Amino acid sequence: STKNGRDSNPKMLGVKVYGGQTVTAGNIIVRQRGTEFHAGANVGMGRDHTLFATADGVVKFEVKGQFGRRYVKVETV
Amino acid sequence: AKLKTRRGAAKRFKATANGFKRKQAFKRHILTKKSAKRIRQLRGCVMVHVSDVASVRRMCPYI
Amino acid sequence: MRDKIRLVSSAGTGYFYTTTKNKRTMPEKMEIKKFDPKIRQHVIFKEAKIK
RNA sequence: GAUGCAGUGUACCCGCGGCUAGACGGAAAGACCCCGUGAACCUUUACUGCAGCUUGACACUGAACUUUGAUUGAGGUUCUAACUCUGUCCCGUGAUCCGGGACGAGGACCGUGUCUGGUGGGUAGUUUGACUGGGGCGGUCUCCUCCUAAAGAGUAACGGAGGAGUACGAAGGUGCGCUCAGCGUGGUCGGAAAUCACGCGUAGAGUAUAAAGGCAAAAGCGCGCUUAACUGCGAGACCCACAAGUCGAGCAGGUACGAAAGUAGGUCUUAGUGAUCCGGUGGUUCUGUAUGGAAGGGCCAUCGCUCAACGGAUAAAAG
RNA sequence: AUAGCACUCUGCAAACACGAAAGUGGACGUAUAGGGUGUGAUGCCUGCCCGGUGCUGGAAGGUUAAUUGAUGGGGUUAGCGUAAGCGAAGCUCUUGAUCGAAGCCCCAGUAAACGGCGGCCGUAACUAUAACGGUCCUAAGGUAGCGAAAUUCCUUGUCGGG
RNA sequence: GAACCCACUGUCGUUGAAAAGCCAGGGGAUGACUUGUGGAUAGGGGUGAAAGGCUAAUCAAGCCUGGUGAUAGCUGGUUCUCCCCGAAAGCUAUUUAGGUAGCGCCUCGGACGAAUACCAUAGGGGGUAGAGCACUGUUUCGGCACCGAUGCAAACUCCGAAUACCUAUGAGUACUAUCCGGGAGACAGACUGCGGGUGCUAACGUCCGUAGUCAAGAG
RNA sequence: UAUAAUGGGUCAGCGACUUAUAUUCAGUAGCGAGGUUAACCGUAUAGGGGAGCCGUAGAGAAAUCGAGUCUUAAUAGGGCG
Ligand SMILES: [Mg+2]
Ligand SMILES: [Mg+2]
Ligand SMILES: [Mg+2]
Ligand SMILES: [Mg+2]
Ligand SMILES: [Mg+2]
Ligand SMILES: [Mg+2]
Ligand SMILES: [Mg+2]
Ligand SMILES: [Mg+2]
Ligand SMILES: [Mg+2]
Ligand SMILES: [Mg+2]
Ligand SMILES: [Mg+2]
Ligand SMILES: [Mg+2]
Ligand SMILES: [Mg+2]
Ligand SMILES: [Mg+2]
Ligand SMILES: [Mg+2]
Ligand SMILES: [Mg+2]
Ligand SMILES: [Mg+2]
Ligand SMILES: [Mg+2]
Ligand SMILES: [Mg+2]
Ligand SMILES: [Mg+2]
Ligand SMILES: [Mg+2]
Ligand SMILES: [Mg+2]
Ligand SMILES: [Mg+2]
Ligand SMILES: [Mg+2]
Ligand SMILES: [Mg+2]
Ligand SMILES: [Mg+2]
Ligand SMILES: [Mg+2]
Ligand SMILES: [Mg+2]
Ligand SMILES: [Mg+2]
Ligand SMILES: [Mg+2]
Ligand SMILES: [Mg+2]
Ligand SMILES: [Mg+2]
Ligand SMILES: [Mg+2]
Ligand SMILES: [Mg+2]
Ligand SMILES: [Mg+2]
Ligand SMILES: [Mg+2]
Ligand SMILES: [Mg+2]
Ligand SMILES: [Mg+2]
Ligand SMILES: [Mg+2]
Ligand SMILES: [Mg+2]
Ligand SMILES: [Mg+2]
């Protein structure tokens with residue numbers, strides 16, 4: 001017989017809102033197993049590292065800092 | 001002959017103004033391991049889903 | 001083996017939480033401070049058998 | 001696997017006697033194989049009933065002596081009157097049935113009715129999973145991680161590789177504080193390797209556990225104090241056939257740590273799980289069949305399933 | 001199937017069978033007879049094992065039914081209490097102290113009862129033999145007799161006869 | 001060894017003379033023998049010198065009439081005409097796999113409208129094709145674990161497209177999208193091209209993704 | 001599927017989506033914040049019969065309130081309206 005034959009159910013991770021899109025407060029922006037992206041202004045991080053908007057506005061992606069981390073933020077008006 | 005109600009469904013569903021209400025499952029036992037959020041959010045009534053409303057109406061002709 | 005136990009309020013309200021412990025590492029009856037919604041104060045809860 | 005399709009070859013029309021190479025010739029909705037939550041009969045230490053057999057209590061069931069226990073019971077010895085005789089003699093009678101009378105032998109036994117424990121393929125009704133390069137044997141059935149997977153999500157095979165059915169009142173919260181590993185030098189037993197001091201390169205260390213994604217404001221490592229491992233919620237969003245699952249700012253009550261701004265609704269995250277029914281425990285301003293109560297029920301919080309064939313056909317089943 | 005042989009049951013209103021009962025066969029018979037079971041004239045004969053299941057005989061220790069009902073707890077009110085509450089007696093819901101046989105657990109016998117009569121090492125090499133010696137187990141580890149057989153896979157085993 | 005009772009071999013016959021026979025041979029034939037007449041045993045019962053044999057050409061439970069028109073997720077059949085639109089063979093679950101249910105896909109009515117699509121500009125995050133050793137593995141030759149040259153990788157990555165995908169504006173061309181209700185069918189697919197697993201870089205093989213055709217479409 | 005897969009030798013006649021009750025949705029008719037009778041009586045399709053049913057109000061398990069109700073300590077928030 002075969003010792004193999006097992007696999008886990010899908011998790012559906014990924015980016016849900018892209019740059020330039022309008023988001024109201026509370027929308028999930030990124031579903032990530034680790035902090036491949038970091039939260040900037042008006043963005044909160046959850047226990048499972050999910051990024052969500054804490055304000056109304058427009059999404060934006062950027063790269064900044066000494067370490068070169070990828071950041072995602074929300075710009076208001 | 002007169003249509004007969006399915007009493008099991010009648011004991012699970014009650015009519016609302018524009019639909020039906022029901023209780024939520026997973027609150028009978030095995031409660032210690034569950035989180036407080038789940039415990040408080042599974043309490044109370046909710047509405048019946050549209051994909052089930054037809055079956056509920058067919059089973060309960062008079063409610 | 002972690003056994004289920006219930007922590008009962010000392011105010012007589014009847015309120016109780018539930019949790020588990022390791023009997024061997026914690027032989028003594030557990031005693032903690034927690035919030036009591038019936039009286040809306042913090043009081044001592046003591047271990048009681050989960051039954 | 002071709003009289004009937006394509007291309008070609010041959011062949012004037014119709015009988016009679018022979019022959020069986022083909023018309024996947026006729027005959028019987030294949031007996032082999034598989035399937036249907038089909039049937040029948042047979043077996044058993046498969047499940048569940050019943051007959052039969054057997055144990056004791058009560059009733060038919062009575063009377064006298066006598067011993068031993070704490071007015072009453074349990075044993076022994078006698079008796080006749082209930083009751084038994086498919087034993088003898090008389091009568092109905094002309095009869096090896098039956099009934100009545102007498103005698104004899106037994107006798108509170110045996111036997112029967114109700115209840116009750118045991119035994120019970122002798123009979124009776126049933127069950128005995130699915131997927132599978134046919135079926136059987138073997139393996140698998142739920143969850144987590146990687147690759148197949150074609151740079152959003154999702155994506156199959158009895159495809160290639162590993163884990164889970166836990167742990168922790170601290171391994172949780174907070175304030176403050178600190179950084180791994182491997183090397184080169186010299187030093188008591190001390191030596192590849194354990195302890196001390198200085199130096200060059202520098203995240204390979206570590207993160208309770210499998211892997212992946214992460215980790216300097218360290219998510220890694222200590223100390224002091226503590227219980228936010230709270231209660232009532234909840235704008236909004238993800239994922240979804242349903243039932244479910246996931247993240248979450250912010251608002252009230254009380255609380256811990258900070259000088260303060262503040263952080264805290266368990267643990268770096270993703271596995272460590274089980275619906276409904278029926279019952280148990282504690283509360284309860286609900287209901288409670290004439291009335292007042294009470295039983296019973298409802299609501300809130302909790303407990304009992306390796307229902308692993310893991311959306312679980314029964315409380316209960318092999319060949 | 002059979003005559004022969006063996007085991008076992010049955011004391012007569014027999015065991016056993018039919019039948020719901022009454023009754024009927026067994027039998028107008030009776031242990032030299034009747035039923036069940038296995039084997040199969042006759043000759044020589046029929047080894048070992050009671051651990052398992054069955055059957056037979058013991059023991060009254062543990063366990064256990066109906067039945068019985070000792071206690072304990074609750075409901076309800078007469079009466080008490082400013083109130084909260086307490087509450088006799090009568091009914092009533094619940095608990096189960098004690099007593100309580102067969103069977104089983106236990107001990108012996110029984111195989112012409114159902115049944116069983118072995119492994120691994122050194123050697124045997126011509127497949128794998130307690131052949132023979134060691135040891136491990138078991139209730140025990142095949143006496144006589146026979147054997148490539150209605151039983152032998154290798155197999156058309158080897159040798160001789162025809 | 002005749003009658004009588006049987007049924008061991010062979011030919012014939014087998015739409016037969018015959019729903020079991022004829023012909024030539026064969027066995028018993030004073031016995032556990034053959035046979036006439038009249039009786040007894042009735043279906044989970046009977047009877048059986050035992051073959052599951054026989055019980056009216058019927059037997060692993062006879063026949064007849066009733067329950068009864070039993071049930072069959074199975075096979076078959078389903079009858080006049082014209083017009084309009086027009087599928088699927090997928091996901092999830094199932095003692096479930098050739099059944100069924102929710103969703104996806106079809107049709108009809110109502111409500112609503114350009115809120116929808118194609119293309120152009122603008123903003124986005126990738127880790128595949130390719131490529132390469134900076135990590136993890138593996139690999140060849142030299143100089144003293146390292147250094148100089150050299151290779152490879154679905155479960156390696158210092159890099160990294162084209163395409164796809166999500167958003168906002170805009171010209172034209174399309175009664176497009178969305179919501180509420182009535183009725184379904186379907187959940188056996190096949191071949192070809194491209195990217196792949198499996199197989200032998202075999203199969204008119206098998207399992208996925210993505211387009212076209214058949215299915216349901218003639219010339 | 002020409003299939004060498006199934007069915008039919010031929011003709012005539014017969015042969016398969018029905019009936020009752022309940023419910024829901026569309027057409028059409030009466031009436032309209034109302035609509036409508038059932039059994040029954042009745043020289044009987046008439047006329048009587050208003051018991052009853054649907055609609056007009058929800059929320060909550062229920063007691064209970066009511067254009068509001070449920071939860072909560074909350075006049076906050078939220079669910080059904
Ligand atoms: Mg409960
Ligand atoms: Mg010629
Ligand atoms: Mg001819
Ligand atoms: Mg011929
Ligand atoms: Mg033909
Ligand atoms: Mg034929
Ligand atoms: Mg057939
Ligand atoms: Mg067969
Ligand atoms: Mg039945
Ligand atoms: Mg199968
Ligand atoms: Mg196979
Ligand atoms: Mg992928
Ligand atoms: Mg992907
Ligand atoms: Mg792609
Ligand atoms: Mg049940
Ligand atoms: Mg009352
Ligand atoms: Mg399942
Ligand atoms: Mg014999
Ligand atoms: Mg002999
Ligand atoms: Mg004759
Ligand atoms: Mg004969
Ligand atoms: Mg003779
Ligand atoms: Mg009989
Ligand atoms: Mg016959
Ligand atoms: Mg039968
Ligand atoms: Mg068309
Ligand atoms: Mg298709
Ligand atoms: Mg099931
Ligand atoms: Mg089928
Ligand atoms: Mg089909
Ligand atoms: Mg490549
Ligand atoms: Mg299917
Ligand atoms: Mg399919
Ligand atoms: Mg396909
Ligand atoms: Mg194919
Ligand atoms: Mg064509
Ligand atoms: Mg064709
Ligand atoms: Mg044909
Ligand atoms: Mg067919
Ligand atoms: Mg035909
Ligand atoms: Mg005709």
Side-chain angles (χ1 to χ4, degrees), chain A residues 1-37 42 44-55 58-61 66-67 70 72, chain B residues 1-4 8 12 14 16-19 21-33 35-52 54-55 57-58 61-62, chain C residues 1-2 4 6 8 13-22 25-26 30-42 48-51:
Chain A
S1 315
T2 59
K3 296 183 290 294
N4 308 316
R6 291 172 306 286
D7 203 6
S8 78
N9 295 311
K11 293 292 173 286
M12 294 74 89
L13 305 164
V15 174
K16 306 300 171 167
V17 192
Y18 298 85
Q21 292 188 231
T22 174
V23 302
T24 188
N27 298 356
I28 298 184
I29 301 169
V30 178
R31 283 284 211 186
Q32 58 185 1
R33 184 58 62 245
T35 187
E36 292 167 325
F37 289 97
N42 307 73
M45 185 180 288
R47 64 179 296 277
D48 69 339
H49 305 305
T50 308
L51 298 188
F52 57 97
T54 61
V58 170
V59 172
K60 184 178 184 293
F61 285 84
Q66 328 174 14
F67 310 122
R70 282 176 293 177
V72 70
Chain B
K2 281 162 131 195
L3 296 178
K4 303 196 88 149
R12 265 92 163 192
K14 295 167 190 303
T16 76
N18 292 130
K21 62 182 183 177
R22 57 162 187 92
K23 298 293 183 182
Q24 315 183 71
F26 285 92
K27 298 298 293 295
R28 285 307 208 201
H29 65 100
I30 318 183
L31 296 166
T32 314
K33 62 172 74 179
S35 84
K37 181 178 178 179
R38 279 183 83 207
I39 290 286
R40 65 178 64 88
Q41 285 180 9
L42 286 159
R43 186 197 301 137
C45 287
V46 302
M47 287 303 294
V48 175
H49 203 280
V50 299
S51 66
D52 297 323
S55 173
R57 293 181 184 271
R58 184 176 179 179
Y62 306 97
Chain C
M1 195 192 201
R2 297 196 59 100
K4 289 206 289 303
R6 79 188 211 267
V8 184
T13 67
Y15 207 78
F16 68 91
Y17 296 80
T18 61
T19 187
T20 68
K21 66 182 181 180
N22 197 327
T25 76
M26 203 195 297
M30 200 180 162
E31 293 179 353
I32 201 163
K33 221 166 196 174
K34 292 177 71 68
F35 181 73
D36 190 305
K38 298 293 183 182
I39 62 170
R40 298 217 280 151
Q41 280 164 230
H42 271 75
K49 299 188 175 184
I50 191 69
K51 300 297 188 60

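Residue numbers begin at 1 in each chain, while the letters A, B, ... track the order of the sequences.
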Partners meeting ring-ring contact (aromatic ring centres under 6.0 Å, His included) with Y17(C) (sequence neighbours left out): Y15(C), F45(C)

If the cut-off is 4.0 Å, is [X] near the phosphate of [N], judged by side-chain N/O to OP1 or OP2?
X      : N        : answer
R31(A) : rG152(D) : no
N22(C) : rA167(D) : no
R2(C)  : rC168(D) : yes
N27(A) : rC238(D) : no
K33(B) : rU273(D) : yes
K11(A) : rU269(D) : no

Is any side-chain N or O of [X] under 3.5 Å from a base N or O of [N], one able to act as donor and the other as acceptor?
X      : N        : result
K37(B) : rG248(D) : yes
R6(A)  : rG162(D) : yes
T19(C) : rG169(D) : yes

Compare all side-chain heavy atoms of [X] with those of [Y] and state whether any distance is below 4.5 angstrom.
X      : Y      : answer
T18(C) : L31(B) : no
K51(C) : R6(C)  : yes
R38(B) : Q41(B) : no

In whole Å, I'd like the distance from the [atom1] atom of [X] to the [atom2] atom of [N].
X      : N        : atom1 : atom2 : value
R57(B) : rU23(G)  : CZ    : P     : 16 Å
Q24(B) : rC242(D) : CD    : P     : 15 Å
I50(C) : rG304(D) : CD1   : P     : 8 Å
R43(B) : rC299(D) : CZ    : P     : 13 Å
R47(A) : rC268(D) : CZ    : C1'   : 10 Å
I39(C) : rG253(D) : CD1   : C1'   : 13 Å
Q41(B) : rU246(D) : CD    : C1'   : 10 Å
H42(C) : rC257(D) : NE2   : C1'   : 14 Å

From the list [options], which nucleotide is the closest neighbour of the side chain of [X]?
X      : options                      : answer
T32(B) : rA249(D), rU302(D), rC268(D) : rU302(D)
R70(A) : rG102(F), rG126(F), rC247(D) : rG126(F)
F35(C) : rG169(D), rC230(D), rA249(D) : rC230(D)
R38(B) : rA244(D), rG125(F), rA229(D) : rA244(D)
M12(A) : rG253(D), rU227(D), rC239(D) : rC239(D)
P10(A) : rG154(D), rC305(D), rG236(D) : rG154(D)
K21(B) : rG213(D), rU302(D), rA61(G)  : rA61(G)
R33(A) : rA212(D), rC158(D), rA275(D) : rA212(D)
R40(B) : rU302(D), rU231(D), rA243(D) : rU231(D)
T35(A) : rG236(D), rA219(D), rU276(D) : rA219(D)

Both donor-acceptor distances under 3.5 Å, either Watson-Crick or G-U wobble. Does [N] meet that with [M]?
N        : M        : value
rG136(D) : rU202(D) : no
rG81(E)  : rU53(E)  : no
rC23(F)  : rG10(F)  : yes
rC183(D) : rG234(D) : no
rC85(D)  : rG104(D) : yes
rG126(F) : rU81(F)  : no
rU80(D)  : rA244(D) : no
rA120(F) : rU169(F) : yes
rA33(G)  : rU72(G)  : no

Both distances below 3.5 Å, Watson-Crick or wobble geometry, any strand: find the nucleotide opposite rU143(E). none

Under 3.5 Å on both distances, the Watson-Crick or G-U partner of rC19(D): none

Counting N and O atoms only, with roles assigned by atom type, does the side chain of [X] sit under 3.5 Å from a partner on the main chain of [Y], one being a donor and the other an acceptor?
X      : Y      : answer
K14(B) : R12(B) : no
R70(A) : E36(A) : yes
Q32(A) : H49(A) : yes
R31(A) : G14(A) : no

For [N], does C1'-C2'-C3'-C4' say north (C3'-endo side) or south (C2'-endo side)?
N        : value
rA29(D)  : south
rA150(E) : south
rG96(E)  : south

Reading 5' to 3' through nucleotides 66-81 of chain G, protein heavy-atom contacts under 4.0 Å coded B for base, S for sugar-phosphate only, - for none: -------B-------S

Syn/anti state of [N] by chi, 90° boundary around 0:
N        : answer
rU96(D)  : syn
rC200(F) : syn
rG35(E)  : anti
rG58(G)  : anti
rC158(F) : syn

Given the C1' atoms of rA210(D) and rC230(D), what is the spacing between them in whole Å? 34 Å

Sticking with atom P, work out how far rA144(E) lies from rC132(E), rounded to a whole angstrom. 12 Å

Distance, nearest 0.5 Å, that separates CE of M1(C) from NZ of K21(C): 13.5 Å

Is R57(B) atom CZ crowded by more than 12 heavy atoms from other residues, nucleotides or ligands, each under 6.0 Å away? no

Any protein N or O atoms within reach of nucleotides 163-166 of chain F? Criterion: under 3.5 Å, listing atom names and distances.
from, atom 1, to, atom 2, distance (Å)
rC166(F), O2', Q21(A), OE1, 2.9

Verify whether the stacking test passes for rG152(D) and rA153(D), with limits of 5.5 Å on the ring-centre separation and 30° on the angle between planes. yes

